[PDB]
file structure_34.txt (compact mmCIF, C-alpha atoms and all ligand atoms)
# COMPACT_ATOMS: atom_id res chain seq x y z
CA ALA A 28 -12.16 -12.78 -21.15
CA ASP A 29 -12.28 -15.69 -18.71
CA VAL A 30 -10.30 -13.71 -16.13
CA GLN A 31 -12.60 -10.73 -16.70
CA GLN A 32 -15.72 -12.85 -16.18
CA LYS A 33 -14.28 -14.37 -13.00
CA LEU A 34 -13.39 -10.95 -11.57
CA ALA A 35 -16.86 -9.63 -12.42
CA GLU A 36 -18.44 -12.64 -10.68
CA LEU A 37 -16.27 -12.13 -7.60
CA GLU A 38 -17.20 -8.46 -7.52
CA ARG A 39 -20.91 -9.24 -7.81
CA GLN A 40 -20.85 -11.92 -5.10
CA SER A 41 -18.95 -9.53 -2.82
CA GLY A 42 -21.50 -6.76 -3.24
CA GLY A 43 -18.83 -4.06 -3.54
CA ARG A 44 -16.50 -2.39 -6.04
CA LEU A 45 -13.26 -4.16 -6.95
CA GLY A 46 -10.19 -2.66 -8.61
CA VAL A 47 -7.33 -4.83 -9.89
CA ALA A 48 -4.10 -4.17 -11.73
CA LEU A 49 -1.55 -6.93 -12.33
CA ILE A 50 1.74 -6.23 -14.12
CA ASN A 51 3.53 -9.38 -15.25
CA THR A 52 7.18 -8.51 -15.85
CA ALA A 53 7.70 -11.77 -17.77
CA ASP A 54 6.03 -10.29 -20.85
CA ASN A 55 5.20 -6.69 -19.87
CA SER A 56 1.49 -7.49 -19.83
CA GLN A 57 -1.29 -6.21 -17.61
CA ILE A 58 -4.60 -7.55 -16.29
CA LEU A 59 -6.90 -4.65 -15.44
CA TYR A 60 -10.32 -4.40 -13.77
CA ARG A 61 -11.69 -0.92 -12.97
CA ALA A 62 -8.03 0.00 -13.15
CA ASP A 63 -8.64 3.69 -13.94
CA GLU A 64 -11.25 4.22 -11.23
CA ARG A 65 -10.30 5.91 -7.99
CA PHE A 66 -10.23 4.02 -4.69
CA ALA A 67 -9.41 5.19 -1.17
CA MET A 68 -5.86 3.99 -0.46
CA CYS A 69 -6.02 3.90 3.34
CA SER A 70 -2.56 2.99 4.59
CA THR A 71 -1.43 1.54 1.25
CA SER A 72 -0.22 5.16 0.84
CA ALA A 73 2.45 4.38 3.45
CA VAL A 74 4.58 2.91 0.65
CA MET A 75 4.76 6.35 -0.97
CA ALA A 76 5.50 8.08 2.35
CA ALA A 77 8.27 5.60 3.21
CA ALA A 78 9.67 5.91 -0.31
CA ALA A 79 9.78 9.70 0.06
CA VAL A 80 11.84 9.32 3.25
CA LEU A 81 14.10 6.79 1.52
CA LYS A 82 14.62 9.17 -1.41
CA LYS A 83 15.46 12.02 1.00
CA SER A 84 17.97 9.70 2.69
CA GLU A 85 19.95 9.36 -0.55
CA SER A 86 21.32 12.88 0.04
CA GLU A 87 21.18 12.74 3.87
CA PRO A 88 23.08 9.56 4.68
CA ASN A 89 22.22 9.39 8.37
CA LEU A 90 18.53 10.30 7.99
CA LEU A 91 17.22 6.82 8.80
CA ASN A 92 18.98 6.97 12.19
CA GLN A 93 17.36 10.32 13.08
CA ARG A 94 15.43 10.09 16.36
CA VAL A 95 11.76 11.14 16.60
CA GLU A 96 10.00 11.74 19.92
CA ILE A 97 6.86 9.67 20.55
CA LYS A 98 4.38 11.37 22.89
CA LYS A 99 0.90 10.61 24.16
CA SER A 100 -0.29 13.45 21.90
CA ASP A 101 0.97 11.49 18.86
CA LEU A 102 -1.26 8.49 19.49
CA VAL A 103 -4.02 7.97 16.93
CA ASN A 104 -6.48 5.08 16.58
CA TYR A 105 -4.18 2.11 15.90
CA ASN A 106 -0.64 2.34 17.30
CA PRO A 107 0.60 -1.23 17.90
CA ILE A 108 4.29 -0.31 17.79
CA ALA A 109 4.36 3.36 18.78
CA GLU A 110 2.33 2.73 21.96
CA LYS A 111 5.34 0.75 23.23
CA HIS A 112 7.67 3.75 22.75
CA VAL A 113 5.71 6.62 24.30
CA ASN A 114 8.05 9.08 26.06
CA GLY A 115 11.07 7.77 24.18
CA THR A 116 12.25 8.13 20.60
CA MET A 117 12.11 5.91 17.53
CA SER A 118 14.38 6.22 14.53
CA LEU A 119 12.98 7.04 11.10
CA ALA A 120 13.98 3.49 10.07
CA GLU A 121 11.93 2.04 12.94
CA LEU A 122 9.00 4.28 12.07
CA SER A 123 9.20 3.22 8.42
CA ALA A 124 9.18 -0.45 9.41
CA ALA A 125 6.29 0.06 11.84
CA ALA A 126 4.21 1.96 9.29
CA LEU A 127 4.83 -0.63 6.58
CA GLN A 128 4.73 -3.85 8.62
CA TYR A 129 2.09 -3.08 11.27
CA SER A 130 0.00 -0.26 9.73
CA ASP A 131 0.99 1.84 12.74
CA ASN A 132 -0.81 5.19 12.53
CA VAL A 133 1.74 7.18 14.53
CA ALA A 134 4.52 5.85 12.33
CA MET A 135 2.64 6.83 9.18
CA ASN A 136 2.03 10.31 10.57
CA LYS A 137 5.71 10.74 11.44
CA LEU A 138 6.76 9.82 7.89
CA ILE A 139 4.19 12.25 6.47
CA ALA A 140 5.29 15.04 8.77
CA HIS A 141 8.98 14.49 8.19
CA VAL A 142 8.79 15.12 4.47
CA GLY A 143 6.47 18.11 4.77
CA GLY A 144 2.94 16.73 4.92
CA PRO A 145 0.41 15.14 2.55
CA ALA A 146 1.09 17.67 -0.22
CA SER A 147 4.79 16.81 -0.09
CA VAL A 148 4.12 13.08 -0.33
CA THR A 149 1.90 13.88 -3.32
CA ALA A 150 4.59 16.07 -4.90
CA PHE A 151 7.03 13.16 -4.57
CA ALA A 152 4.58 10.92 -6.42
CA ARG A 153 4.39 13.55 -9.16
CA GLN A 154 8.20 13.70 -9.37
CA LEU A 155 8.19 9.95 -10.00
CA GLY A 156 5.69 10.36 -12.84
CA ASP A 157 2.56 9.29 -10.94
CA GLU A 158 -0.03 11.94 -11.74
CA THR A 159 -2.95 10.02 -10.16
CA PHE A 160 -1.97 9.43 -6.52
CA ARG A 161 -3.22 12.00 -4.05
CA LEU A 162 -2.58 11.97 -0.31
CA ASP A 163 -4.79 14.72 1.13
CA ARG A 164 -5.01 13.95 4.86
CA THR A 165 -3.10 12.42 7.76
CA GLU A 166 -4.09 9.46 9.93
CA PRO A 167 -6.80 8.75 10.86
CA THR A 168 -9.01 10.89 8.65
CA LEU A 169 -7.42 9.62 5.42
CA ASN A 170 -9.49 6.42 5.95
CA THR A 171 -13.02 7.84 5.65
CA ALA A 172 -13.33 6.29 2.14
CA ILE A 173 -16.63 8.02 1.36
CA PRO A 174 -17.97 6.91 -2.06
CA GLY A 175 -17.42 9.65 -4.64
CA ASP A 176 -14.78 11.41 -2.55
CA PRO A 177 -11.44 11.77 -4.42
CA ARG A 178 -9.42 12.59 -1.30
CA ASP A 179 -6.68 10.08 -0.46
CA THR A 180 -7.27 7.99 -3.59
CA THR A 181 -5.41 6.52 -6.50
CA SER A 182 -6.21 4.10 -9.32
CA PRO A 183 -5.11 0.46 -9.51
CA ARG A 184 -3.23 1.13 -12.75
CA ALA A 185 -1.28 4.05 -11.31
CA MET A 186 -0.44 2.33 -8.04
CA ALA A 187 0.74 -0.83 -9.81
CA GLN A 188 2.97 1.21 -12.13
CA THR A 189 4.36 3.21 -9.22
CA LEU A 190 4.92 0.15 -7.04
CA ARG A 191 6.78 -1.47 -9.93
CA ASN A 192 9.02 1.60 -10.16
CA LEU A 193 9.66 1.65 -6.40
CA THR A 194 10.36 -2.06 -5.86
CA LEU A 195 11.67 -3.33 -9.23
CA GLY A 196 12.60 -0.12 -11.08
CA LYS A 197 14.94 2.78 -10.43
CA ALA A 198 12.93 5.30 -8.41
CA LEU A 199 15.24 4.61 -5.44
CA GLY A 200 18.95 3.92 -5.20
CA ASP A 201 19.99 0.30 -4.79
CA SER A 202 20.37 0.44 -0.99
CA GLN A 203 17.06 2.25 -0.59
CA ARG A 204 15.15 -0.02 -2.98
CA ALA A 205 16.49 -3.07 -1.15
CA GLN A 206 15.42 -1.53 2.16
CA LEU A 207 11.87 -0.92 0.90
CA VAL A 208 11.64 -4.49 -0.40
CA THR A 209 12.99 -5.90 2.88
CA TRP A 210 10.45 -3.90 4.86
CA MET A 211 7.54 -4.99 2.65
CA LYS A 212 8.61 -8.65 2.78
CA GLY A 213 8.46 -8.39 6.58
CA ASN A 214 4.87 -7.19 6.61
CA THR A 215 2.69 -8.81 9.27
CA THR A 216 -0.73 -7.57 8.13
CA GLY A 217 -1.10 -9.22 4.71
CA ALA A 218 -1.24 -12.99 5.20
CA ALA A 219 -5.02 -13.14 4.64
CA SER A 220 -4.97 -10.81 1.59
CA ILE A 221 -3.04 -11.23 -1.69
CA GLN A 222 -0.74 -13.80 -0.06
CA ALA A 223 -3.74 -16.00 0.76
CA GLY A 224 -4.55 -16.32 -2.97
CA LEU A 225 -1.05 -17.39 -4.06
CA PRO A 226 0.88 -20.65 -3.68
CA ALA A 227 2.69 -21.00 -0.37
CA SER A 228 6.11 -21.11 -2.07
CA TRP A 229 5.81 -17.66 -3.64
CA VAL A 230 7.56 -14.71 -1.99
CA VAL A 231 5.52 -11.58 -1.27
CA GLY A 232 6.20 -8.06 -0.13
CA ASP A 233 2.94 -6.18 0.44
CA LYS A 234 1.21 -3.26 2.17
CA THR A 235 -2.44 -3.55 3.15
CA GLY A 236 -5.00 -0.87 3.89
CA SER A 237 -8.42 -0.75 5.52
CA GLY A 238 -10.93 1.92 6.38
CA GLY A 239 -14.50 3.11 6.21
CA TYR A 240 -17.08 1.54 3.90
CA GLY A 241 -15.43 -1.83 4.47
CA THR A 242 -12.47 -0.69 2.40
CA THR A 243 -9.97 -3.54 2.16
CA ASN A 244 -6.81 -3.10 0.09
CA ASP A 245 -3.45 -4.72 -0.65
CA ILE A 246 -0.55 -3.81 -2.95
CA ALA A 247 2.19 -6.35 -3.55
CA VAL A 248 5.42 -7.25 -5.29
CA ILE A 249 5.48 -11.01 -5.88
CA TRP A 250 8.26 -13.43 -6.81
CA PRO A 251 6.61 -16.61 -8.09
CA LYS A 252 8.73 -19.74 -8.03
CA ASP A 253 11.13 -19.62 -11.01
CA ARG A 254 9.27 -16.76 -12.70
CA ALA A 255 9.75 -13.07 -13.36
CA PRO A 256 8.18 -10.90 -10.65
CA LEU A 257 4.65 -9.57 -10.62
CA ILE A 258 3.11 -6.39 -9.25
CA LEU A 259 -0.47 -6.72 -8.02
CA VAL A 260 -2.85 -4.10 -6.68
CA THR A 261 -6.23 -5.20 -5.30
CA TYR A 262 -8.52 -2.46 -4.00
CA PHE A 263 -12.00 -3.14 -2.64
CA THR A 264 -14.71 -0.97 -1.11
CA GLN A 265 -18.33 -1.47 -0.17
CA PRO A 266 -21.64 0.40 -0.19
CA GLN A 267 -22.32 0.44 3.58
CA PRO A 268 -20.45 2.84 5.90
CA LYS A 269 -19.97 0.13 8.55
CA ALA A 270 -19.32 -2.80 6.21
CA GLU A 271 -16.92 -5.39 7.57
CA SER A 272 -13.49 -6.22 6.18
CA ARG A 273 -13.26 -8.55 3.18
CA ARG A 274 -9.65 -9.69 2.92
CA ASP A 275 -10.94 -12.90 1.32
CA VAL A 276 -12.04 -10.88 -1.73
CA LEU A 277 -8.45 -9.75 -2.27
CA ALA A 278 -7.19 -13.33 -1.91
CA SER A 279 -9.78 -14.48 -4.46
CA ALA A 280 -8.81 -11.74 -6.91
CA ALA A 281 -5.14 -12.67 -6.57
CA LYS A 282 -5.93 -16.32 -7.29
CA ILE A 283 -8.01 -15.41 -10.35
CA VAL A 284 -5.35 -13.21 -11.97
CA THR A 285 -2.41 -15.53 -11.25
CA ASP A 286 -3.99 -18.90 -12.06
CL CL A 301 0.38 -24.04 -2.21
call {"tool": "encode", "arguments": {"input": "structure_34.txt", "output": "structure tokens"}}
result
Amino acid sequence: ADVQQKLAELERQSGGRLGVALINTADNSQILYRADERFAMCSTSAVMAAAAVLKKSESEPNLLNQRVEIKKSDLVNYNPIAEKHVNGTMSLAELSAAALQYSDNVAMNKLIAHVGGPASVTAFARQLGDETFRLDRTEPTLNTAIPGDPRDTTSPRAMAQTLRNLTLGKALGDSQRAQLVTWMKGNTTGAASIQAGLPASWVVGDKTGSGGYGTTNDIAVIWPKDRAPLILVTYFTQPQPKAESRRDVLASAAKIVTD
């Protein structure tokens, strides 16, 4: 009840709509707040796209080394890594890392395209047992985050359960699971989000997202010092189309549910 009151107070002070799901693998418990509501994922969906490529690689051993041309026509709105590789190629491994660690839009789009498009990423989620996730669009339109729009959404509960499967469970083979975890632990975009609400000694792998309506998201696997791991999803969105980012809200939610 105390955690619920604190999350409600944070949500009210923020002015927006907050979704939280924590899975504590120490005791198989959950802390849930709006955990069955839908939220626009933004690039948090890159975890599913990268996982689909990793799964495909289990039967195509050299898939991660496959070269992908980067052209001016591939550039989207935010291309911090791909813009450095225009007119050359990047491997699928490099694109996975760029999508996951830099939120690179070209990289995300190349993962989506490789596996067959948004409906194929969604079908992979279904194969894993996630019947909530839906990736409808590519970058950049998947970020519109219009209130009431179910496109490109999932729920905190579903994304926490799926992230647990991907990073701690058996969705992926051992090499592929380790690769996903390594990529997420090397993220550069999350230090002000969930990580900012946890002790400095804890180890985090996470994927952020951001988009319209001030949508500010983070999904994480967390290794607290000398404790069983946690999975934490924090999704946040706001009433105003041009609302500013609120990574601090995600940090605050993380602190509340892990205190
Ligand atoms: Cl600390």
call {"tool": "residues_near_ligand", "arguments": {"input": "structure_34.txt", "ligand": "ligand CL 301 (chain A)", "cutoff": "12 Å", "atoms": "only C-alpha atoms and all ligand atoms", "output": "PyMOL selection string"}}
result
chain A and resi 222-230+251-252+282+286
call {"tool": "closest_residue", "arguments": {"input": "structure_34.txt", "among": "A:165, A:237, A:180, A:216", "to": "residue 140 in chain A", "atoms": "all atoms listed in the file"}}
result
A:165
call {"tool": "residues_around", "arguments": {"input": "structure_34.txt", "residues": "range 189-205 of chain A", "least_positions_apart": "2", "cutoff": "8 Å", "atoms": "only C-alpha atoms", "output": "PyMOL selection string"}}
result
chain A and resi 78+81-82+85+155+157+185-187+207-209+246-248+258
call {"tool": "write_last_selection", "arguments": {"input": "structure_34.txt", "atoms": "C-alpha atoms", "output": "PDB file, in the frame of the given file"}}
result
ATOM      1  CA  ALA A  78       9.670   5.910  -0.310  1.00  0.00           C
ATOM      2  CA  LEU A  81      14.100   6.790   1.520  1.00  0.00           C
ATOM      3  CA  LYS A  82      14.620   9.170  -1.410  1.00  0.00           C
ATOM      4  CA  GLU A  85      19.950   9.360  -0.550  1.00  0.00           C
ATOM      5  CA  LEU A 155       8.190   9.950 -10.000  1.00  0.00           C
ATOM      6  CA  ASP A 157       2.560   9.290 -10.940  1.00  0.00           C
ATOM      7  CA  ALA A 185      -1.280   4.050 -11.310  1.00  0.00           C
ATOM      8  CA  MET A 186      -0.440   2.330  -8.040  1.00  0.00           C
ATOM      9  CA  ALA A 187       0.740  -0.830  -9.810  1.00  0.00           C
ATOM     10  CA  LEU A 207      11.870  -0.920   0.900  1.00  0.00           C
ATOM     11  CA  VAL A 208      11.640  -4.490  -0.400  1.00  0.00           C
ATOM     12  CA  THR A 209      12.990  -5.900   2.880  1.00  0.00           C
ATOM     13  CA  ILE A 246      -0.550  -3.810  -2.950  1.00  0.00           C
ATOM     14  CA  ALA A 247       2.190  -6.350  -3.550  1.00  0.00           C
ATOM     15  CA  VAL A 248       5.420  -7.250  -5.290  1.00  0.00           C
ATOM     16  CA  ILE A 258       3.110  -6.390  -9.250  1.00  0.00           C
TER      17      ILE A 258
END
call {"tool": "atom_distance", "arguments": {"input": "structure_34.txt", "atom1": "CA of residue 275 in chain A", "atom2": "CA of residue 54 in chain A"}}
result
28.0 Å
call {"tool": "residues_around", "arguments": {"input": "structure_34.txt", "residues": "residue 182 in chain A", "least_positions_apart": "4", "cutoff": "8 Å", "atoms": "only C-alpha atoms", "output": "list in words"}}
result
residues 46, 62, 63, 64, 65, 66, 159, 160 and 186 of chain A
call {"tool": "build_atoms", "arguments": {"input": "structure_34.txt", "residues": "range 238-264 of chain A", "atoms": "N, CA, C and O atoms", "output": "short mmCIF file (atom, residue, chain, number, x, y, z; two decimals), keeping the file's coordinate frame"}}
result
data_model
loop_
_atom_site.label_atom_id
_atom_site.label_comp_id
_atom_site.auth_asym_id
_atom_site.auth_seq_id
_atom_site.Cartn_x
_atom_site.Cartn_y
_atom_site.Cartn_z
N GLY A 238 -10.30 0.70 5.93
CA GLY A 238 -10.93 1.92 6.38
C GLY A 238 -12.43 1.84 6.29
O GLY A 238 -13.03 0.76 6.30
N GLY A 239 -13.05 3.02 6.25
CA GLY A 239 -14.50 3.11 6.21
C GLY A 239 -15.07 2.44 4.98
O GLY A 239 -14.38 2.13 4.01
N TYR A 240 -16.38 2.20 5.00
CA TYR A 240 -17.08 1.54 3.90
C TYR A 240 -16.47 0.18 3.60
O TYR A 240 -16.45 -0.30 2.45
N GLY A 241 -15.98 -0.49 4.64
CA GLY A 241 -15.43 -1.83 4.47
C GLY A 241 -14.28 -1.87 3.50
O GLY A 241 -14.05 -2.91 2.87
N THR A 242 -13.56 -0.76 3.36
CA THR A 242 -12.47 -0.69 2.40
C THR A 242 -11.36 -1.63 2.83
O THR A 242 -10.94 -1.63 3.99
N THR A 243 -10.92 -2.46 1.89
CA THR A 243 -9.97 -3.54 2.16
C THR A 243 -9.04 -3.59 0.95
O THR A 243 -9.49 -3.88 -0.16
N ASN A 244 -7.76 -3.29 1.17
CA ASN A 244 -6.81 -3.10 0.09
C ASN A 244 -5.53 -3.89 0.32
O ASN A 244 -5.16 -4.18 1.46
N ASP A 245 -4.79 -4.15 -0.76
CA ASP A 245 -3.45 -4.72 -0.65
C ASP A 245 -2.71 -4.39 -1.94
O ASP A 245 -3.29 -4.45 -3.02
N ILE A 246 -1.43 -4.03 -1.80
CA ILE A 246 -0.55 -3.81 -2.95
C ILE A 246 0.71 -4.63 -2.71
O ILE A 246 1.25 -4.64 -1.60
N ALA A 247 1.16 -5.35 -3.75
CA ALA A 247 2.19 -6.35 -3.55
C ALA A 247 3.17 -6.42 -4.71
O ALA A 247 2.80 -6.23 -5.88
N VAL A 248 4.42 -6.75 -4.37
CA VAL A 248 5.42 -7.25 -5.29
C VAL A 248 5.59 -8.73 -4.98
O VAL A 248 5.63 -9.13 -3.81
N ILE A 249 5.59 -9.56 -6.02
CA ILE A 249 5.48 -11.01 -5.88
C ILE A 249 6.57 -11.66 -6.70
O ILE A 249 6.74 -11.34 -7.88
N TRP A 250 7.28 -12.61 -6.10
CA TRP A 250 8.26 -13.43 -6.81
C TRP A 250 7.73 -14.85 -6.86
O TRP A 250 7.88 -15.62 -5.90
N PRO A 251 7.05 -15.23 -7.94
CA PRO A 251 6.61 -16.61 -8.09
C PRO A 251 7.82 -17.52 -8.25
O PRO A 251 8.88 -17.10 -8.70
N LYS A 252 7.63 -18.78 -7.90
CA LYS A 252 8.73 -19.74 -8.03
C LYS A 252 9.19 -19.82 -9.48
O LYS A 252 8.41 -20.12 -10.39
N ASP A 253 10.47 -19.51 -9.70
CA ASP A 253 11.13 -19.62 -11.01
C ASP A 253 10.44 -18.80 -12.10
O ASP A 253 10.42 -19.18 -13.27
N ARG A 254 9.91 -17.64 -11.73
CA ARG A 254 9.27 -16.76 -12.70
C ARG A 254 9.70 -15.32 -12.47
O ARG A 254 10.14 -14.94 -11.38
N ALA A 255 9.53 -14.50 -13.50
CA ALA A 255 9.75 -13.07 -13.36
C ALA A 255 8.73 -12.49 -12.37
O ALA A 255 7.62 -13.00 -12.23
N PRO A 256 9.09 -11.42 -11.66
CA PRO A 256 8.18 -10.90 -10.65
C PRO A 256 6.91 -10.30 -11.23
O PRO A 256 6.83 -9.89 -12.40
N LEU A 257 5.92 -10.21 -10.35
CA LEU A 257 4.65 -9.57 -10.62
C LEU A 257 4.45 -8.40 -9.67
O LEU A 257 5.01 -8.38 -8.56
N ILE A 258 3.65 -7.43 -10.11
CA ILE A 258 3.11 -6.39 -9.25
C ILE A 258 1.60 -6.54 -9.27
O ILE A 258 1.00 -6.67 -10.35
N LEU A 259 0.97 -6.54 -8.09
CA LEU A 259 -0.47 -6.72 -8.02
C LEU A 259 -1.06 -5.73 -7.04
O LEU A 259 -0.63 -5.68 -5.88
N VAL A 260 -2.04 -4.98 -7.51
CA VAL A 260 -2.85 -4.10 -6.68
C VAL A 260 -4.28 -4.63 -6.68
O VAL A 260 -4.85 -4.86 -7.75
N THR A 261 -4.83 -4.82 -5.48
CA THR A 261 -6.23 -5.20 -5.30
C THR A 261 -6.86 -4.22 -4.31
O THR A 261 -6.50 -4.23 -3.12
N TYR A 262 -7.84 -3.47 -4.78
CA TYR A 262 -8.52 -2.46 -4.00
C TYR A 262 -10.00 -2.81 -3.96
O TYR A 262 -10.58 -3.17 -4.98
N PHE A 263 -10.61 -2.73 -2.77
CA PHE A 263 -12.00 -3.14 -2.64
C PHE A 263 -12.70 -2.22 -1.65
O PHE A 263 -12.16 -1.90 -0.59
N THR A 264 -13.93 -1.83 -1.99
CA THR A 264 -14.71 -0.97 -1.11
C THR A 264 -16.18 -1.30 -1.29
O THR A 264 -16.58 -1.89 -2.30
#
